[PDB]
Amino acid sequence: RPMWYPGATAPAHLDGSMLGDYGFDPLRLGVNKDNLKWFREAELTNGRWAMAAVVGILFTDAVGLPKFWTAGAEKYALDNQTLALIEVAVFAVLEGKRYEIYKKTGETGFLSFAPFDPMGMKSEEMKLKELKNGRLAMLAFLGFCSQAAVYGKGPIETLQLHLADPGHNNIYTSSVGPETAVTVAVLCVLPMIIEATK
Amino acid sequence: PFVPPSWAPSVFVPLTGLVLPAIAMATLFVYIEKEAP
Amino acid sequence: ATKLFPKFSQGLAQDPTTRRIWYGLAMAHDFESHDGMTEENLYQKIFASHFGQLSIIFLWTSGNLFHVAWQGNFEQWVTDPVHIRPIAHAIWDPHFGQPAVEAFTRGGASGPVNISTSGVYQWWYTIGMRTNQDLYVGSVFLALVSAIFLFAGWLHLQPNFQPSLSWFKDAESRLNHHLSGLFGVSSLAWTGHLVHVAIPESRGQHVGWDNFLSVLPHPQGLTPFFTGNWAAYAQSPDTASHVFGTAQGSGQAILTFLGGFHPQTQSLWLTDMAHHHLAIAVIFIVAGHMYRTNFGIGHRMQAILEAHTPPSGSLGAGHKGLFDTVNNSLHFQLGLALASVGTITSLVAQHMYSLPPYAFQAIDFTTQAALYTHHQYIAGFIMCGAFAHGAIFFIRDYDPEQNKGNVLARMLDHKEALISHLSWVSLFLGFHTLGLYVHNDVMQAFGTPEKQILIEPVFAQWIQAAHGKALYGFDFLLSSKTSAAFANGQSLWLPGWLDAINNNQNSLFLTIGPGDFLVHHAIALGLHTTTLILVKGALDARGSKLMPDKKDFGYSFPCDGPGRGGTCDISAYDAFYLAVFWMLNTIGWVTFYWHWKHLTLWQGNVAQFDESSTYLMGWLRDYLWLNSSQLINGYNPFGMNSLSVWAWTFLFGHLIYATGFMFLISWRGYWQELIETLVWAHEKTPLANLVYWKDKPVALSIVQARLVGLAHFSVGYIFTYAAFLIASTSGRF
Amino acid sequence: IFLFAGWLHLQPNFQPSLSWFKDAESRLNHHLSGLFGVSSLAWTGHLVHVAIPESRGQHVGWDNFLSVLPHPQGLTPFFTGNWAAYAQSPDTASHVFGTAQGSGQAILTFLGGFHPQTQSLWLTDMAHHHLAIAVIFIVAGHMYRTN
Amino acid sequence: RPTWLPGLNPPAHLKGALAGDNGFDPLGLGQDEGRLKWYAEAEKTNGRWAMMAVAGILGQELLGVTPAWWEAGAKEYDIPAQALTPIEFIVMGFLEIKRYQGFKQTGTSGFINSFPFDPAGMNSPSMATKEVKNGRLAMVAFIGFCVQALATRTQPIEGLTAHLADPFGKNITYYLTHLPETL
Amino acid sequence: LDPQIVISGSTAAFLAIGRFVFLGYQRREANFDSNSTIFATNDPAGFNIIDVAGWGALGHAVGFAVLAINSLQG
């Protein structure tokens, strides 16, 4: 059972019953058993949202459509006032039906279908793959927003620019260079800090 | 760059031809004749 | 007492003689014969060995790349690949005097260097390498990949990482992943490299890791692929005046099927190669979904095997039980793999010399000769290994009770008929080929060359005429202009293919005559005799009339003693041993034929080969004696040149061959008695008996003697022919 | 770093014992010699190396303090005992703060009073003050018996 | 067992079991065996880094590099210093955490997972004493290199040749007194 | 030639011959062909996601082959 660094120790409440366990809880926010399930469901839905959002942002830059941070300013074939009213009206019923699913079963669902799987490949390994991909997509979305904050342009453009000069084009040579360098050094020292005390 | 110096063959060829084979031969010869407890 | 080496055999470790070291070194890879070996541990050891071999291969490739980038002249060879000789690596030998230093100083270098014959320059230049920086990056990447493979080999042997026994026997999953992933995805990736890097680099556009994400390989940019208008990708190809490496006359197509060869480089088109890799990638990927693994759909190889028995009972039980006798036998799988690998290697040699795939490879005669000979000898050794492992399968893993009535048991049921018919074919071919050669020799000696028997190879010439060659005049299939087979390819690939096959300046279906017919019969004789020895040794491995219990003695053992008239070389190992000589002789004949025909073609006089290839005196004088004049003149009392190393290698191979003859003719007993006399001499000598041996000196065993003699024979054979081939081809051109 | 030190001194293998907190002689010796004397000596080094040359129009930063001499005689009067050489040629009454007009070469003076333009104490006087109190505090840091 | 001060008995906490134990501890930093063994490992690794640093400085000077050993940081290089710091910190963190965890399982040095990292044998207590002594000499030599470059602005071999050419001069007295002439 | 019409028609046609024509034959051959995952579906004839993916792959390959052949203008 690999941990979040070579030589970690579970904080007595992450024994491994949950999928994708690595003993990562320094703030100990999952000390409560009741909060662990809710936080897990929140992590799963945040991961699903980030997965769909990252795939959508990556697809818009390939075709040539407007950037993800400027797509809202574009004029569509509707009114923004009516869009917000419809969005909160549909999501009220959708989120209400999803919340009642978690109280009866404990996982996500769509509308009145708690185990929503028309094809049927709901396996234990598939649940962990969803969590891993969701975590990766959450970091990817944070990276998309951060790259657009300092460099702008776009994710695909950022990757293309990094290939031109990898030794000179990175987060360390950008406007947030020293902060991230100090943070990387502090993070690299952190496992030794935890292992020195234990 | 990865280019070795000009004196590199004059040191690596005698090494690979006399230092490494002598050490390897002596180590292997000692290992073969080791008596079991 | 008992020594630590070997650790896998306590019986060999208790041996107090020198036989312990030799046997421990020769049985280290025999995992099934170690102490305390199970099936799971066996498979794990083989897995680690596979990783170690992969690491060695990748490290060797990285070493070649590094030496070409460091001491080679790749940056200057690409500018003039016709008049500049490639450089392998530098030479640092303190034994060289002044003439050797200036003699080996060639190829525009600043010191003594070796001129390469491996052909890596043409291959790397064709795939996209232009500067030494590319070779350095490739060498570093391959070294890191080799290190990762070595670490993986060490990691898979530790607990929590060792695969289970059932994992190694998942034939359906492994075959689906190798057909779809290792074969299809790899070919698709190669197509991507050819379209994205090789094709733009050959047209004068440098595309690398720093600019491939912004350079479009086609002006339409992936649109015709998604819209199904793939025919737009073959539009505007490279014209007949295209210069390799520049933009002069370069087209914009990425996937074509023009066929033939490039007019300048005399090699295959890059667009055709990319299209080829794409088509085979699609085929391999589709073929990767044939077996059922974990999703219900698919097939089961056991069901297909058990459902293939003819109703007439001609094959007995058919293929029933073949899945269990193959999945549970590693020697069967290794034999099948080696047989296919050897056949593919021979296919590679033939296709590469006839259809040159790398740019400026046909002009390099030494590269062609060395590459063809190298691949053919490797293929011969691999084929002998396939048959040897088949014999090992019969002795160690064959189960007659499980294979009752199937095709495998029926092979041993009529093995006498197979060996007898192979003997008849080999005898007929040998008698007729030797008789025709001696008859032609006598006619040439008596001054009557018109009296010799010269049978025209009408069958192979007919096949060549079917392919499109109009020199013979059969005028049919691709040779006749009114045929449907001819008119159906005139718009896709037949123009270039016909223009390349009808040209007599290339190696694409060379003209053949009576000499080619006779040497082909000699080749057939060598193949049939080698097959006879190997097949007879594999079928008689479990027993015969002389030794009814040979299966109880293992694959390799000395003999059964002098009883029953004599049982020398009765094991299957001895059959393989006698077959190695026939393999070397067969490959020697095929390589002699290839070298002589191509030498006469490159010299511009094919009539010399056509007139002297019918009698053996022509082969001995006009080929072996005429082409060795420059080789043996590498060093003489008048001085030396760069060809002296090949002369030394020539004599080196001759010496090794003759040394092998000693282990092959003289046998153990005489040597053991001599060793006993030497033991007495050392034990009764003052100032020297104080230094006593730790291992009792004994003569080499019979099996060890056969292996040592065979190894010397093969090494001397290979080095002698390689030295003669490279020296003659390099000096002549 | 100080916050991390506070968190680290509470974890096991880093918590000081009660006997360590009661070593009054060692604590007083280190506070008088190191926390007071060495800190004052370092402040004197900054005033002599940076503040005094910057007040005379000469930029002295981390990029050039190893190649810029605080005094033209370069540590020779300090080792030879001719300390009065560091008080020679001070800033005149027409010196403009931040420029070289009217500036001197002295680094340790005791002129007293205030600067005619800035109406503040002389930088050389403050440097000399910190040097004297640094020597006094360091000497006072060897009064108690520790080991 | 000879000590550093003649007529001075070695302390009770310092016994000859360690490699370079010469009974030198006037401050008493190795009272407990836990801190003593941790400091022993710290001394060995400090000496290893100092040995590599002194060897590198001497090799750079002997091979005629353009900048001195105190200017190599500001020299232009591919992948600038701003980008080299995180890569070095990540790889050093991994290597050092593996070295530290291997030290907890067994009280010895190592390399990632080879504890002890001892290929081809050649290990003995005498070799350990030689390693500790060479490390101490290298540490003192590195500090000498730093102070020599500070007060004389000359590289190690250059300063040594300058001292050999004129012994009675070009020493600590001349360089400490003729400081303005050096700059 | 319209790519959307060809691809849609080819995929729908092979999915139709896989659901209404060759479903029983494929099920009978898969049964006699004899750690796994069972793909339960609400289709009355057991046409799970695996069969849909396989038939759709065959349909897309045939449709793209037809589009390519017609694109060659031969």
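**Some remarks on the overall build of chain B**
And then number 1: Check the secondary structure of chain B and you find one helix and zero strands.
And then number 2: Its C-alpha atoms give chain B principal-axis dimensions of about 50 × 20 × 5 Å.
And then number 3: Buried residues in chain B amount to 11% of all 37 residues.
And then number 4: For chain B, the accessible area works out to roughly 2900 Å², and carbon and sulfur atoms hold 81% of it.

**Some points on the overall build of chain F**
And then number 1: Secondary structure summary: chain F contains three helices and zero strands in total.
And then number 2: When the helices and strands of chain F are placed in sequence order, the string is α-α-α.
And then number 3: Rg of the C-alpha trace for chain F: 15 Å, well past the compact-globule value of 11 Å for 74 residues, more than 25% over.
And then number 4: In terms of overall dimensions, chain F has a C-alpha envelope of 45 × 25 × 25 Å along the principal axes.
And then number 5: Taken as a whole, chain F presents about 4900 Å² of accessible surface, with 63% of it coming from carbon and sulfur.

**Things to note about the interface of chain A and chain F**
And then number 1: In this assembly, four residues from chain A lie in contact with five residues from chain F.
And then number 2: Considering only the surface of chain A that becomes buried against chain F, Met119, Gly120 and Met121 of chain A emerge as the three largest contributors, covering 79% of it.
And then number 3: Counting across the interface, chain A meets chain F through zero salt bridges.
And then number 4: Viewed at the interface, chain F and chain A are joined by zero residue pairs in polar contact.
And then number 5: Considering only residue class, the side of chain A that touches chain F consists of three nonpolar, one polar and no charged.

**Points about the UniProt feature "transmembrane region" in chain F**
All names here are of chain F.
And then number 1: UniProt marks residues 5-25 and 49-69 with the feature "transmembrane region", using the numbering shown here.
And then number 2: Measuring from the first to the last C-alpha atom of residues 5-25 gives 29 Å, for a span that is 90% helix and 0% strand.
And then number 3: Between the first and last C-alpha atoms of residues 49-69 the distance is 30 Å; the span itself is 100% helix and 0% strand.

**Quick look at the environment of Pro4 of chain B**
And then number 1: As for its position among the elements, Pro4 of chain B is in the segment before α1 (8-32).
And then number 2: Separated by 10 residues in the primary sequence, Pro4 of chain B and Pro14 of chain B have C-alpha atoms spaced 16 Å apart.
And then number 3: Beyond its immediate chain neighbours, meaning those up to four positions away, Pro4 of chain B contacts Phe66, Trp70 and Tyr136 of chain C.

**Looking at the state of the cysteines**
Note on terminology: a disulfide is the covalent bond linking the sulfur atoms of two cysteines.
Residue and element names in this part refer to chain C.
And then number 1: All chains considered together, the criterion is met by zero disulfides over all chains.
And then number 2: With no disulfide of its own, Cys559 lies 6.2 Å from the sulfur of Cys568, the closest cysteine sulfur.
And then number 3: For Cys559, a relative accessible area of 30% puts it in the partly exposed group.
And then number 4: According to the relative accessible area criterion, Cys568 is exposed, its value standing at 54%.

**Notes on the interface of chain B and chain C**
And then number 1: Contacts between chain B and chain C engage 16 residues on the former and 14 residues on the latter.
And then number 2: Note on chain B versus chain C: buried area summed over both sides is about 1500 Å², and carbon and sulfur give 69% of it.
And then number 3: Remark: the boundary between chain B and chain C carries one salt bridge.
And then number 4: Between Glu33 of chain B and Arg20 of chain C there is a salt bridge; the shortest N-O distance is 3.7 Å.
And then number 5: Linking chain B to chain C there are three residue pairs in polar contact.

**Describing unusual backbone geometry**
Residues and elements named next belong to chain C.
And then number 1: Residue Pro6 follows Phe5 across a cis peptide bond; omega there is 0 degrees.
And then number 2: Within the element layout of this structure, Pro6 appears in the segment before α1 (10-13).
And then number 3: If you check the backbone angles, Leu222 has positive phi at about 65 degrees while not being a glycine.
And then number 4: Summarising the element assignment, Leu222 is placed in the loop between α9 (171-202) and α10 (223-226).
And then number 5: A positive phi angle, close to 55 degrees, is found at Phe360, a residue other than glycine.

**What about helix α2 (residues 81-105) of chain E?**
And then number 1: Its 25 residues place the ends of α2 of chain E 36 Å apart at the C-alpha level, agreeing with the 36 Å of an ideal helix rising 1.5 Å per residue.
And then number 2: Among all positions in α2 of chain E, only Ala83, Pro86, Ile97, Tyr100, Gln101, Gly102 and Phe103 of chain E are buried.
And then number 3: Summarising the contacts, the buried residues of α2 of chain E are in contact with α5 (177-197) of chain A together with α1 (33-62) of chain E.

**Some remarks on the pattern of salt bridges**
All names here are of chain E.
And then number 1: On inspection of all chains with the given rule, the structure shows 32 salt bridges over all chains.
And then number 2: Its salt-bridge partner being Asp21, residue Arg1 comes within 2.4 Å of it at the nearest N-O pair. Separated by 20 residues along the polypeptide, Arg1 in the segment before α1 and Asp21 in the segment before α1 bring together distant segments of the chain.
And then number 3: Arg1 gets classed as partly exposed once you look at its relative accessible area, which sits at 46%.

**Some words on the nonpolar core**
Residues and elements named next belong to chain C.
And then number 1: One finds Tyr593, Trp619 and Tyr623 to be the most contacted residues of the largest nonpolar core, which totals 48 residues.
And then number 2: Broken down by secondary-structure element, the contributors of at least two residues to this core are α14 (330-354), α15 (365-397), α17 (415-445), α21 (514-539), α22 (572-602), α24 (616-625), α25 (644-665) and α27 (702-732).
And then number 3: A per-element tally of this core places α22 first, with 14 residues.
And then number 4: Formed by 30 residues, the second largest nonpolar core is a distinct cluster that contains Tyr121, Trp124, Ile127 and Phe244.

**Quick word on helix α3 (residues 124-150) of chain A**
All names here are of chain A.
And then number 1: Along its 27 residues, α3 runs 40 Å from first to last C-alpha, staying within 8% of the 39 Å computed at 1.5 Å per residue.
And then number 2: If you check the start of α3, you find a side-chain oxygen 3.3 Å away from the backbone N of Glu125, and it comes from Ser123.
And then number 3: Two residues or fewer after α3 comes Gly152, characterised by a positive phi angle close to 70 degrees.

Analysis parameters
Numbers given to residues start from 1 along each chain, in the order its sequence is written, and need not follow the entry; residues that have no coordinates are not shown. Written order determines the labels here, with chains lettered from A and ligands numbered from 1. Any value reported refers to the chains on display, which are one part of a larger assembly. Only heavy atoms go into the side-chain values, all of them from the structure, while hydrogens and water stay out. Residues with missing side-chain atoms are left out of burial classes, side-chain pairs and their counts. Secondary structure elements follow DSSP: runs of H or I no shorter than four residues count as helices, runs of E no shorter than two count as strands, and numbering proceeds from the N terminus. Think of it in three bands: with a 1.4 Å probe and only protein chains considered, a residue is buried below 20% of the maximum accessible area for its type, exposed above 50%, and partly exposed in between. Each accessible area is a Shrake-Rupley estimate made with a 1.4 Å probe; only the visible protein chains count as cover when residues are assessed. The atom set for the radius of gyration is the C-alpha atoms, and the globule formula is 2.2 Å times the number of residues raised to the power 0.38. Whether two residues are in contact is decided by their heavy atoms: any pair within 4.5 Å suffices. When two parts are put together, the accessible area they lose, computed with a 1.4 Å probe and summed over both, is reported as buried area. Note on definitions: salt bridges are taken to be side-chain nitrogens of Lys or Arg within 4 Å of carboxyl oxygens of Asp or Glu. N or O atoms within 3.5 Å of each other form a polar contact, as long as, within protein, one can give a hydrogen and the other can take it, and as long as residues adjacent in sequence are counted only when both atoms are side-chain atoms. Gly counts as polar in this scheme, as do all residues outside two lists: the nonpolar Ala, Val, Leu, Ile, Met, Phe, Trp, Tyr, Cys and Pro, and the charged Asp, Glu, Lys and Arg. UniProt positions are given in the numbering used here, feature names are shortened, and annotations may be inferred rather than shown by experiment. In what follows, a disulfide is any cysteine sulfur pair within 2.5 Å. Multiplying one less than the number of residues by 1.5 Å gives the expected span of a helix. Only buried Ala, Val, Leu, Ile, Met, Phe, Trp, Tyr and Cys residues count toward a nonpolar core, and they belong to the same one when joined by side-chain atoms within 4.5 Å.

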